[PDB]
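Trainee: Protein chains in written order, with the entry's author numbering: chain A, 2 to 143, 148 to 230; chain L, 63 to 73, 84 to 90, 94 to 145, 151 to 245, 247 to 266; chain B, 1 to 215.
Quick reminder that beta carbons are idealized off the backbone N, C-alpha and C, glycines included.
Okay, handing you the structure first.
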């Protein structure tokens with residue numbers, strides 16, 4: 002039971018895009034589908050719903066008529082075309098599946114909805130023209150057996166950027182800082198990690214920097230000078 | 063306390089009917108607002124046993140209980161499979177009482193497909209309730225649902241006022258049969 | 001359109017206290033509401049379905065109650081693993097429209113721990129690019145009342161650096177901030193010593209980390 006959202010990227014204001022949510026694990030034709038978006042740093046906002054049979058689909062009023070939602074039970078996937086994207090549509094889009102009961106708890110009952118399986122979600126930053134890849138730089142180590154050294158990705162746009170260490174081998178002590186918006190308009194962040202200084206010269210370390218919107222995968226190793 | 067649904071299932085001349096503890100198993104009562112409106116101007120109400128408790132010769136009703144219910153409803157019977165076979169039930173009853181009778185019934189929705197086989201054996205089942213003024217055929221739906229009131233199952237109940245002289250029941254699986262009925266006047 | 005109002009927005013309690021939040025509605029929504037937990041940077045997770053009923057996988061600490069207008073979500077004993085934002089979703093108009101309410105963020109209060117300070121010089125590959133940037137790094141501390149002052153050749157530089165702090169950790173509930181001071185290659189090679197002075201509550205004396213540009 003896994004959901005995978007795909008189709009995010011940088012869309013110029015006034016353009017169009019299409020999201021792709023693929024289902025895997027559960028019977029897809031027997032459950033409703035729901036898109037939910039989350040503005041950067043803000044709460045969750047609902048987007049759309051689709052019935053089991055692709056003939057009944059409600060909308061979120063604020064974006065009503067802006068874009069349609071379709072599905073294909075054969076290919077086991079859910080679509081979400083987008084048209085005329087405003088600046089307020091820049092958000093992370095989540096794809097979730099939920100069953101629609103009609104339970105009667107209490108005196109009188111209405112419809113009950115509950116989404117239980119959620120996807121990873123694809124960030125859909127919709128702003129003016131920009132698409133600068135990252136420039137990963139290294140950081141040399143210097148306390149009491151503990152040493153720190155982490156790569157820094159600066160002057161990149163847009164978000165996000167995934168930082169893995171040793172191809173995802175080491176995971177404890179990793180600190181990936183949030184992005185910082187520079188003056189020129191390019192994000193920048195640093196990702197460090199602490200390791201025992203005894204194993205500093207023995208085991209090699211290489212950060213895996215991945216920028217999905219720039220199609221640039223840089224994997225540089227941290228070499229202590 | 064108990065609501066109209068819980069009172070009729072079992073969890084006075086007056087025109088006034090006064094968030095309680097109702098419905099063990101999660102579900103809904105079809106045409107709930109219509110049944111409450113008929114009980115406002117209730118002149119006489121009484122319960123008389125209908126289809127027999129021991130009538131289920133090839134079906135077991137001693138195992139029909141839910142841990143989220145604490151047992152099962154007293155007015156209805158939860159029929160489970162006996163041994164390793166679930167033969168199609170063909171039970172019918174004709175109203176022999178002079179007053180009007182109210183017969184209810186329910187259909188249980190399983191959690192997943194493995195439970196459907198473990199309880200009612202037959203994969204594709206149905207429940208056909210026939211009367212002099214209705215012709216219904218209910219097919220149970222199977223889907224993974226979030227747990228409500230303890231469990232993830234579901235039960236959809238129905239009802240119909242019966243005139244003197247017949248309700249015909251036919252179900253091949255997932256059927257909550259009635260044991261007692263209500264006679265209204 | 002149904003309107004949901006959850007309160008309070010922010011929250012802070014020590015590990016082991018009893019935290020509770022409310023989510024009111026502008027219309028009688030019966031018991032048709034849901035609770036969600038979203039870890040920072042992750043996907044929301046179903047916690048409570050229709051007020052009191054629970055979903056598999058949720059620990060026994062969480063519990064919801066309410067009926068009709070406003071409802072309440074209460075945590076038994078708050079654990080450091082429960083640091084997340086908690087939303088409430090409508091369900092009364094499930095066929096037509098459900099409205100998520102502004103979630104109630106939960107933060108953990110701990111004992112003041114001293115930060116581990118580290119300083120990093122600019123990369124040699126960055127000097128070939130044209131610019132220079134030296135970043136100061138702190139790891140595992142509390143609270144966020146840390147003040148980082150950049151000093152170059154015993155001269156406090158101001159307005160030439162930016163700070164970035166990580167979210168509260170899930171295990172030890174400690175912060176980690178980094179102060180990146182970006183300059184030019186011409187201004188970098190003009191001086192030879194760069195320092196990072198840290199003034200924090202958990203330190204009796206302000207810590208200072210310096211180095212030499214050459215060695």
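Out of A:104, A:149 and A:188, which has the shortest C-alpha to C-alpha gap to residue 162 of chain A?
Mentor: Taking the first residue of the first chain as 1, we reach residue 162 of chain A at position 157. Residue 162 of chain A has its Cα closest to that of A:188, out of A:104, A:149 and A:188.
Trainee: Kindly say whether residue 32 of chain A, judged by its beta-carbon, lies nearer than 8 Å to any beta-carbon of chain L.
Mentor: Taking the first residue of the first chain as 1, we reach residue 32 of chain A at position 31. It does: the Cβ of residue 32 of chain A has a partner Cβ on chain L nearer than 8 Å.
Trainee: Counting contacts by CB-CB distance shorter than 8 Å, is residue 159 of chain A in contact with chain B?
Mentor: Numbered from its first residue, the first chain carries residue 159 of chain A at position 154. Interface residue, yes.
Trainee: Just to make sure I have the definition right: I need the residues of chain A whose C-beta is within less than 9 Å of the C-beta of residue 103 of chain L. Which are they?
Mentor: The sequence position of residue 103 of chain L within the second chain is 28, counting from 1. Within chain A, the residues near residue 103 of chain L are 102, 103, 104, 105 and 110.
Trainee: For a cutoff of 8 Å on Cβ pairs, would you count residue 107 of chain L as touching chain A?
Mentor: As a position in the second chain, residue 107 of chain L is number 32, starting the count at 1. Residue 107 of chain L counts as touching chain A.
Trainee: Give a yes or no on whether the minimum CB-CB distance between residue 53 of chain B and chain L is below 8 Å.
Mentor: Counting from one through the third chain, the residue named residue 53 of chain B turns up at place 53. It does: the Cβ of residue 53 of chain B has a partner Cβ on chain L nearer than 8 Å.
Trainee: If you draw a straight line from the C-alpha of residue 147 of chain A to the C-alpha of residue 105 of chain L, how long is it?
Mentor: Inspection of chain A shows residue 143 followed directly by residue 148; residue 147 of chain A is thus not represented.
Trainee: Confirm, please, whether the CB-CB distance from residue 198 of chain A to residue 135 of chain A is below 8 Å.
Mentor: Start at 1 with the first residue of the first chain, and residue 135 of chain A comes out as number 134. Start at 1 with the first residue of the first chain, and residue 198 of chain A comes out as number 193. No. Outside cutoff.
Trainee: Identify every run of the beta strand (DSSP E) within the stretch 4-67 of chain A, keeping only runs that are complete inside it and at least 3 residues long; order them along the chain.
Mentor: Runs found: 17-25, 33-39 and 45-51.
Trainee: At the level of alpha carbons, what is the spacing between residue 90 of chain B and residue 212 of chain L?
Mentor: Taking the first residue of the third chain as position 1, residue 90 of chain B is located at position 90. Taking the first residue of the second chain as position 1, residue 212 of chain L is located at position 132. C-alpha separation (whole angstroms): 42 Å.
Trainee: Relative to the C-alpha of residue 170 of chain B, which residue among B:6, B:145, B:41 and B:53 is closest?
Mentor: As a working note, residue 170 of chain B is residue 170 in the third chain. The shortest Cα separation from residue 170 of chain B among B:6, B:145, B:41 and B:53 belongs to B:41.
Trainee: Which residues of chain B have a Cβ atom closer than 7 Å to the Cβ of residue 228 of chain L, listed in chain order?
Mentor: Sequence index remark: in the second chain, residue 228 of chain L carries index 148 (1-based). By Cβ distance, chain B contributes 49, 50 and 53.
Trainee: Just to confirm, are residue 243 of chain L and residue 180 of chain L a CB contact at a threshold of 8 Å?
Mentor: Within the second chain, the letter at position 163 stands for residue 243 of chain L. Within the second chain, the letter at position 100 stands for residue 180 of chain L. Taking 8 Å as the Cβ cut-off, residue 243 of chain L and residue 180 of chain L qualify as a contacting pair.
Trainee: Count the CB pairs spanning the stretch 195-213 of chain A and the stretch 172-181 of chain A that are closer than 8 Å, and state whether there are at least three.
Mentor: Counting Cβ pairs under 8 Å, three or more are found: they touch.
Trainee: Alpha carbons only, please: which of B:185, B:181, B:30 and B:186 is nearest the one belonging to residue 197 of chain B?
Mentor: Position 197 of the third chain holds residue 197 of chain B. Minimum Cα distance to residue 197 of chain B is reached at B:181.
Trainee: Measure the alpha-carbon distance for residue 67 of chain A versus residue 90 of chain A and round it to whole angstroms.
Mentor: By 1-based counting over the first chain, the position of residue 67 of chain A is 66. By 1-based counting over the first chain, the position of residue 90 of chain A is 89. If you take the alpha carbons of residue 67 of chain A and residue 90 of chain A, they lie about 11 Å apart.
Trainee: Would you say residue 80 of chain A reaches chain L, if we count a Cβ-Cβ gap shorter than 8 Å as a contact?
Mentor: The residue you call residue 80 of chain A lines up with position 79 of the first chain. Judged by the 8 Å Cβ criterion, residue 80 of chain A is not in contact with chain L.
Trainee: Skipping 5 residues on each side, what residues in its chain have a beta carbon closer than 6 Å to that of residue 73 of chain B?
Mentor: As a first step, residue 73 of chain B is located in the third chain; it is residue number 73 there, counting from the start. Around residue 73 of chain B: 21, 35 and 64.
Trainee: What three-state label does DSSP hand residue 160 of chain A in the structure shown?
Mentor: Residue numbering aside, residue 160 of chain A sits at position 155 when the first chain is read from its first letter. Looking at residue 160 of chain A - three-state DSSP - the assignment turns out to be strand.
Trainee: Output, in sequence order along the chain, the residues in the stretch 29-48 of chain B whose CB is closer than 7 Å to any CB in chain L.
Mentor: Cβ contacts with chain L come from 46.
Trainee: Along the chain, where does the alpha helix (DSSP H) that runs through residue 90 of chain B open and close?
Mentor: As a working mapping, residue 90 of chain B is identified with position 90 in the third chain. Counting along the chain, residue 90 of chain B falls outside any alpha helix (DSSP H), though it belongs to the beta strand (DSSP E) covering 85-90.
Trainee: Within 8 Å of any Cβ in chain B, is that where the Cβ of residue 94 of chain L sits?
Mentor: Along the second chain, one-based indexing puts residue 94 of chain L at 19. Yes - at least one Cβ of chain B is within 8 Å of the one on residue 94 of chain L.
Trainee: Can you tell me where the alpha helix (DSSP H) holding residue 190 of chain B begins and where it ends?
Mentor: Position 190 of the third chain holds residue 190 of chain B. Per DSSP, residue 190 of chain B belongs to the alpha helix (DSSP H) from 185-190.
Trainee: Sort B:161, B:30, B:145 and B:122 by Cα distance to residue 156 of chain A and report the nearest one.
Mentor: Position 151 of the first chain holds residue 156 of chain A. Ranking the options by Cα distance to residue 156 of chain A, first place goes to B:122.
Trainee: Which residue from A:125, A:51 and A:74 puts its Cα closest to that of residue 12 of chain A?
Mentor: In the first chain, residue 12 of chain A corresponds to position 11, counting from 1. Of the candidates A:125, A:51 and A:74, the one whose C-alpha sits nearest the C-alpha of residue 12 of chain A is A:125.
Trainee: Are three or more beta carbon pairs between the stretch 5-20 of chain B and the stretch 100-115 of chain B nearer than 8 Å?
Mentor: Short answer: they touch.
Trainee: With distance defined between alpha-carbon atoms, name the residue in B:143, B:139 and B:160 nearest to residue 149 of chain B.
Mentor: What you label residue 149 of chain B is simply residue 149 of the third chain in a count that begins at 1. Checking every option, the nearest Cα to that of residue 149 of chain B belongs to B:160.
Trainee: Step through the CB atoms of chain B and report whether any lies within less than 8 Å of the CB of residue 182 of chain A.
Mentor: For the purposes of this step, residue 182 of chain A is taken as the residue at position 177 of the first chain. Yes, because at least one Cβ of chain B sits closer than 8 Å to the Cβ of residue 182 of chain A.
Trainee: So what's residue 198 of chain B in DSSP terms, helix, strand or just coil?
Mentor: Taking the first residue of the third chain as position 1, residue 198 of chain B is located at position 198. Looking at residue 198 of chain B - three-state DSSP - the assignment turns out to be strand.
Trainee: Rounded to a whole number of angstroms, what is the C-alpha to C-alpha distance between residue 226 of chain A and residue 128 of chain B?
Mentor: The count along the first chain starts at 1 and reaches residue 226 of chain A at position 221. The count along the third chain starts at 1 and reaches residue 128 of chain B at position 128. Taking the straight line from one Cα to the other gives about 18 Å.
Trainee: How many Å lie between residue 256 of chain A and residue 154 of chain A at the Cα?
Mentor: A query on residue 256 of chain A cannot be resolved here, the shown segment of chain A reaching from 2 to 230 and no further.
Trainee: So which of B:212, B:120 and B:126 has the shortest CA-CA distance to residue 138 of chain B?
Mentor: In the third chain, residue 138 of chain B corresponds to position 138, counting from 1. Selected option, being the one with the closest Cα: B:120.
Trainee: Which runs of the beta strand (DSSP E) spanning at least 3 residues fall entirely within the stretch 192-223 of chain A, listed in chain order?
Mentor: Runs found: 192-201 and 211-216.
Trainee: Here's a check: name, in chain order, each residue in its chain whose Cβ is nearer than 6 Å to the Cβ of residue 155 of chain L, leaving out the five neighbours to either side.
Mentor: The residue you call residue 155 of chain L lines up with position 75 of the second chain. Excluding sequence neighbours, residue 155 of chain L sits near 71, 72 and 261.
Trainee: Nearest to residue 229 of chain A by CA position, among A:76, A:211, A:182 and A:44, is which residue?
Mentor: Working through the first chain from its first residue, we reach residue 229 of chain A at position 224. Closest option to residue 229 of chain A, Cα to Cα, is A:211.
Trainee: Any beta carbon from chain A within less than 8 Å of residue 212 of chain L's own beta carbon?
Mentor: As a first step, residue 212 of chain L is located in the second chain; it is residue number 132 there, counting from the start. With 8 Å as the cut-off, residue 212 of chain L does not count as an interface residue toward chain A.
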